[PDB]
**Student:** 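What follows is a structure written as structure tokens; I'll ask about it next.
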Amino acid sequence: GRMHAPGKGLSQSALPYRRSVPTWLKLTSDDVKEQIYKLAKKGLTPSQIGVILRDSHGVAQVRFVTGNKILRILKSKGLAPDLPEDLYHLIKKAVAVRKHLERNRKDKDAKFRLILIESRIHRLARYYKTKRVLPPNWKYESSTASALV
Amino acid sequence: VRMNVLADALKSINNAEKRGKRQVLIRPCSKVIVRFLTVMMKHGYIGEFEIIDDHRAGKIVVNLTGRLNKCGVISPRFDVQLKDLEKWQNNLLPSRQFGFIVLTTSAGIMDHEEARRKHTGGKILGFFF
Amino acid sequence: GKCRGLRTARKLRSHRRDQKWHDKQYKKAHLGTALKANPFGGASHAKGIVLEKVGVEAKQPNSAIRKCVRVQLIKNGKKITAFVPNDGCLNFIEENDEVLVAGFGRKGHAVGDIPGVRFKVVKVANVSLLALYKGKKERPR
Amino acid sequence: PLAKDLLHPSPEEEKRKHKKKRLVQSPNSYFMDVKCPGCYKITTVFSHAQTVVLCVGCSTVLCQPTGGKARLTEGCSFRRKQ
RNA sequence: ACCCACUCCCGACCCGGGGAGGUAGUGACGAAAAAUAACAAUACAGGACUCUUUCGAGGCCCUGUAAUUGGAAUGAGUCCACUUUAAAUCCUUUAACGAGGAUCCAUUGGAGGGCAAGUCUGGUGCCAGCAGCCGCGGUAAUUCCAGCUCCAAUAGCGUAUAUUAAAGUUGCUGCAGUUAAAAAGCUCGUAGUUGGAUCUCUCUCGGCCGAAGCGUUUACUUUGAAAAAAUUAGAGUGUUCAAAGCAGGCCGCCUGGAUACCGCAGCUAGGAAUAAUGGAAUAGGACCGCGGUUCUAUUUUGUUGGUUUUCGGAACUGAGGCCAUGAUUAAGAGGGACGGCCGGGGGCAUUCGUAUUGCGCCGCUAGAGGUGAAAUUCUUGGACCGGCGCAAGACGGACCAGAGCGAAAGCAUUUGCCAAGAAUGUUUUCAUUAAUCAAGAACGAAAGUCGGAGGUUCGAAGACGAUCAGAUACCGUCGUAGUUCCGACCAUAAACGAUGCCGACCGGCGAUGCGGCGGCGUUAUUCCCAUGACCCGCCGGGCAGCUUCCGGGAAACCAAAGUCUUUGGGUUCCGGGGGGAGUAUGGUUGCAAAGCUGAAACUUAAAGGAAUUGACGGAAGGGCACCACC
């Protein structure tokens, strides 16, 4: 079930058994790498890059063509973002909720949802600090987190 | 969330055998599940089983021959010495004539009689009879 | 359900220790209030001085006068009521003489149709009530 | 009922199941080569696309995102791969 | 009380001393052995594996008041002599006396049930008493007081109290928590607990032939050391047996005084499943040879000297060869992105709807409220009613459902803005980030408190009118706080599904809500496709329903309250007979009301749950008789 909801949804991707490059796909691994570089330079997160490559260029899975994952490729080329995109989007959502709550002080539902969002933020940040992805002194403070956005 | 995939597998086998079904599906598969199933099968309690290999975590289709009364797991995996084995047998097995306690020992996964033959102890995984 | 983990020994032991206090007999034995309230103070028997003869009415379904005595215990100066068990045995007891009293058999609970009485007289004037009842002995003169 | 058995065929009972609940999971989607009548080259499009993709040589809306399978424009001939 | 005789200790000591200690005395703490009779002959009684005849003949084996007969046996006791001992005593030994009602006398509790064994007799008469509990006793008492008889243990047995088992009524094994006692109102959340798959010939040698680890750590398991005795377990051993003791055995000799266990922690050595843990991801990574530095216990039998220009060791870096150079998969775990939707979810603004009350004006008119009847109340200062307007404050009908959304409380006029969310779709991304949760925190109906605004309706309190024996209530007319909004407080509900969350598995069917997928055909877009509304299915979450010998349960009943003596997936809270009592007291929170935490003395044998049969109902529906009616 969801971490912060009573939902028990099942909807997710189902990878095919075959791990090979599709026969239709004629892009070399380096071609996919350069397309990834271009999309990252455009200002896109790895999830967006994967979605675009799947929808338009027919790249069913970048890991199966290049032997590497999109975030690893971005890091190896040196153009990966400062903090992971899931944590970034969680902080962005928290910032939006706080901005809404500043001008709507009677919204208890917004306060409850903000509590849930910040709990998720803290859990993800602790995990990232454990993996040395974030500096050990990193902390999410709700005073200037809009700069992190 | 699910801990103890072996508990899930054993409960599934038990529930299927109590309904009189001929096969049971087990997911996820694991090495411990395969070894426990092999121990069960060498004593004629289940029969042949097939490991379906998907690229994430396999499944097992176990053919059931209705000779199984109860296959169960013992959680936590208590450490069992050769002295405590008799007390565990008295607690778990329905008779001194049949039934097996499965242990994981440094010599592998084996029933309690085989652990007495090799003069070894270990951790109790479960039982079947 | 309850916790089943190899490292739950503190949790299990502590929960058992806290839950044992909801056992009425365990709490009565280990709290110390019952021992303080007990007129005998943990003793099986106690010697006392008969203050007066009191007749206790049997509870409603029955009908009788239970011949008891109020006694004051020498050890702590507490006043209790003690049944004089057999018949005519109240005639064996005078006023202001020493009697040995024991419990009535329910470990501090009233017995039968005798309200608020949980003690019985065993001896009077250092002679057992059984000996006087059976005529084996006579009270001293 | 006698799983993974060839004696009783079950292509129809397997592609009816949920994709995750199959014996071996497999996607319900596909990639398709699309020709635009005005265009002259292949475009490989995902069936459940989430992007408004355009022809690689023009500015024509090949498909639009929907709740599930993407909706293709008229005249564009689409054929599944594999 | 007797003694240093034993065991040992002290001193200058072979010699003295020792209330240490030994011996005896008192001793039903407790433990072992073990009398209170045995036998025979006649009379019965029983059976016979006797004749057989259920008439009977019957010393074959037996049983008894014979309170018949008879002798044999013996020790309790008295006593002598040894023996014992430091001196004695006690046992042991010997002799003398020592049994018939063998009076040389067995008791303690019971006889309704639990629980073995008398509704026999006399007395008493809800008295006296018995009774652990149920109960007995109010004129045959199977239960009290006794006589007789019987039974339980027996040199012992009853009573009180502590404690163990019984108690699976403290549940680790192993309990419960819908209704019997019980799941926090609801979420978040640190510690704690628990966590998915995955990795199969290297140092001095005189036995590939003594050795080193310098390499990757533990848990576990097995082993080996080390670990007082006594006790417990246990081997041997006729104490006359036994409890015991550590003795003893053989015709000077032979022999024992074993052995096991000794938990946790520490030490040690094999195993490597299970579980934790580690390296290589800006390569200041592994191996390999090169560029560069040192008194370097000798690299000078010669008086060292500056001819140690140097193997071996601690550095920093560069160029290289070389790795198959180095990233398990992508969970019917989780988070995040993205897509089209969806919902009485939330906040702000905005709009509409009648109704109610009030006000103004017009019409007509004497009644109008109100009730089970009335009365209080309004009314020719024109009420109620009809019409046209205005104002205010509430509320959001019908549509509206066993339908939706929300963590719960809860949420329903239009429109807009604001942020949020589930499910679905996904060949997207991260890659274990998770589950549950002490501490801590957010929200939390109604009522209630403080301040401000408002005040239509309803309305605690209160006033009046009724009903009534009384009513202080129900009913009526008014009506204060309140009910509405804003800002602070409170934190409680039958806050309920009286049912914790997460995960797996175990039947069938038809619906319904959202999303997606597929498909005859019918309609609208008045034209192609698409998109709506239908129709037929499928898949995924959701609210439910019906059904079923899945299974469970005391049952009611529940597809969970199932997968439970065939008991162990993870985890939180919590119950332990009924009252006293959610009380007292302390702490803490609050302005207050009160909230959280939370006893004990004492009292009691039941309280309670589910179901059954009756009885009753100021409950419903029927049927019948001229002792009912028409």
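Side-chain atoms are counted along with the backbone in the values below, which use heavy atoms only and exclude waters and symmetry mates. Note on naming: letters A, B, ... go to the chains in the order of the sequence lines (proteins, then strands), and numbering restarts at 1 for each one.
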**Student:** Assess whether one donor atom and one acceptor atom, taken from the side chain of C/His109 and the base of E/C602, lie less than 3.5 Å apart.
**Tutor:** no
**Student:** May I have the distance from C/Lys67 (atom NZ) to E/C130 (atom P), rounded to whole angstrom?
**Tutor:** 10 Å
**Student:** Sticking with atom P, work out how far E/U414 lies from E/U477, rounded to a whole angstrom.
**Tutor:** 37 Å
**Student:** Mind checking if E/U427 stacks on E/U428, six-ring centres under 5.5 Å, planes under 30°?
**Tutor:** no
**Student:** Please tell me if D/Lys20 has a side-chain N or O lying less than 4.0 Å from either OP1 or OP2 of E/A331.
**Tutor:** yes
**Student:** Using a cut-off of strictly less than 4.0 Å, decide whether C/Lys2 has a side-chain nitrogen or oxygen near OP1 or OP2 of E/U173.
**Tutor:** yes
**Student:** With respect to the phosphate group of E/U604, does any side-chain polar atom (N or O) of C/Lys59 fall under 4.0 Å of OP1 or OP2?
**Tutor:** yes
**Student:** If only side-chain N and O atoms of B/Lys18 are considered, is one of them under 4.0 Å from the OP1 or OP2 phosphate oxygen of E/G551?
**Tutor:** no
**Student:** Would you kindly give the CE-to-P distance between B/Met110 and E/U221, to the nearest whole Å?
**Tutor:** 15 Å
**Student:** Looking at C/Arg16 and E/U170, is any side-chain donor or acceptor paired with a base atom of the opposite kind under 3.5 Å?
**Tutor:** yes
**Student:** Under 3.5 Å, which donor-acceptor pairs do the side chains of residues 78-86 of chain B form with other protein atoms, sequence neighbours left out?
**Tutor:**
from, atom 1, to, atom 2, distance (Å)
B/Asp79, OD1, B/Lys123, NZ, 2.3
B/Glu86, OE2, B/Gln89, NE2, 3.3

**Student:** E/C14 and E/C13, neighbours in the strand: six-membered ring centres under 5.5 Å and planes under 30°?
**Tutor:** no
**Student:** Suppose we screen for ring pair (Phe, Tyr, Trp, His ring centres under 6.0 Å). Which residues come up paired with C/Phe40, at least two apart in sequence or across chains?
**Tutor:** C/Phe119
**Student:** Taking protein heavy atoms under 4.0 Å as touching, what does nucleotides 270-277 of chain E look like 5' to 3' if B marks base contact, S marks sugar-phosphate-only contact and - marks none?
**Tutor:** -BSBB---
**Student:** Would you say a side-chain N or O of A/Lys106 is under 4.0 Å from OP1 or OP2 of E/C486?
**Tutor:** yes
**Student:** E/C505 phosphate, OP1 or OP2: any side-chain N/O from B/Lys21 under 4.0 angstrom?
**Tutor:** no
**Student:** Between C/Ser44 and E/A162, does any side-chain N or O lie under 4.0 Å from OP1 or OP2?
**Tutor:** no
**Student:** For C/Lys11 and B/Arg27, find the nucleotide of RNA chain E closest to each by heavy atoms; which residue's nucleotide sits nearer the 5' end?
**Tutor:** B/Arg27
**Student:** Using atom NZ of C/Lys28 as one end and atom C1' of E/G577 as the other, report the distance to the nearest whole Å.
**Tutor:** 14 Å
**Student:** Quick test of your reading: applying salt bridge (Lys or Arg N to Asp or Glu O under 4.0 Å), list the pairs with at least one residue in residues 69-94 of chain A, sequence neighbours left out, ordered by first then second residue.
**Tutor:** none
**Student:** Whole angstroms only, please: what is the CG-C1' distance between B/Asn15 and E/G503?
**Tutor:** 14 Å
**Student:** Considering residues at least two apart in sequence or located in another chain, which fulfil the salt bridge (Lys or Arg N to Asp or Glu O under 4.0 Å) criterion with A/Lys99?
**Tutor:** none
**Student:** Under a 3.5 Å cut-off for both distances, is E/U149 Watson-Crick or wobble paired, and to whom?
**Tutor:** E/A111
**Student:** E/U200 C1' sits how many Å from B/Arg35 CZ, rounded?
**Tutor:** 10 Å
**Student:** Write down the distance between CZ (C/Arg10) and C1' (E/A438), rounded to a whole number of angstrom.
**Tutor:** 13 Å
**Student:** I need the CH2-P distance between B/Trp88 and E/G568, as an integer number of Å.
**Tutor:** 12 Å
**Student:** Of all the heavy-atom pairs spanning C/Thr81 and C/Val117, show the shortest one and how long it is.
**Tutor:** O-CG1, 3.8 Å
**Student:** Below 4.0 angstrom from OP1 or OP2 of E/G335, is there any side-chain N or O of A/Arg120?
**Tutor:** no
**Student:** Under 3.5 Å for both donor-acceptor distances, Watson-Crick or wobble: does E/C538 have a partner, and if so which one?
**Tutor:** E/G516
**Student:** At a cut-off of 3.5 Å, list every protein nitrogen or oxygen paired with a nitrogen or oxygen from nucleotides 342-345 of chain E, distance to 0.1 Å.
**Tutor:**
from, atom 1, to, atom 2, distance (Å)
E/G345, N2, A/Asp109, OD2, 2.7

**Student:** Within the 4.0 Å heavy-atom criterion, would you say A/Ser76 contacts the bases, only the backbone, or no part of the nucleic acid?
**Tutor:** base
**Student:** Establish, with yes or no, whether the OP1 or OP2 oxygen of E/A333 is under 4.0 angstrom from a side-chain nitrogen or oxygen of B/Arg2.
**Tutor:** yes
**Student:** I need the CD1-P distance between A/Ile121 and E/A420, as an integer number of Å.
**Tutor:** 12 Å
**Student:** Check this for me, if you would: do D/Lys17 and D/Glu14 make a salt bridge, where the nitrogen-to-carboxylate-oxygen distance has to be below 4.0 angstrom?
**Tutor:** yes
**Student:** For RNA chain E, whose closest nucleotide is more 5', that of C/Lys136 or that of C/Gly108?
**Tutor:** C/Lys136
**Student:** Might you list the N or O atoms of the protein lying below 3.5 Å from N or O atoms in nucleotides 132-135 of chain E, with each pair's distance?
**Tutor:**
from, atom 1, to, atom 2, distance (Å)
E/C133, OP1, C/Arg106, NH1, 3.1
E/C133, OP1, C/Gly112, N, 3.0
E/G135, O6, C/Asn62, ND2, 2.7

**Student:** Can you list the residues that meet the salt bridge (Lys or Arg N to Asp or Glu O under 4.0 Å) rule with C/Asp113, with sequence neighbours excluded?
**Tutor:** C/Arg66
**Student:** For the pair A/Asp109 and A/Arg113, find out whether any cationic side-chain nitrogen is under 4.0 Å from an anionic carboxylate oxygen.
**Tutor:** yes
**Student:** What string of B, S and - do you get for nucleotides 424-437 of chain E, 5' to 3', when a contact is any protein heavy atom under 4.0 Å?
**Tutor:** BBBBBSSBSBSS--
**Student:** Kindly write out the residues that satisfy ring pair (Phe, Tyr, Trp, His ring centres under 6.0 Å) with A/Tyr128, not counting sequence neighbours, or none if the list is empty.
**Tutor:** none
**Student:** Determine which pairs satisfy salt bridge (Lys or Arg N to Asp or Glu O under 4.0 Å) with at least one residue from residues 115-126 of chain A, sequence neighbours left out, and list them in order.
**Tutor:** A/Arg98-A/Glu118
**Student:** Among all residues two or more places apart in sequence or in another chain, which pass the ring pair (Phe, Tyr, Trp, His ring centres under 6.0 Å) test with B/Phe127?
**Tutor:** B/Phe129
**Student:** If you compare every side-chain N and O of C/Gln19 against the phosphate oxygens of E/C574 (OP1, OP2), does one of them come in below 4.0 Å?
**Tutor:** no
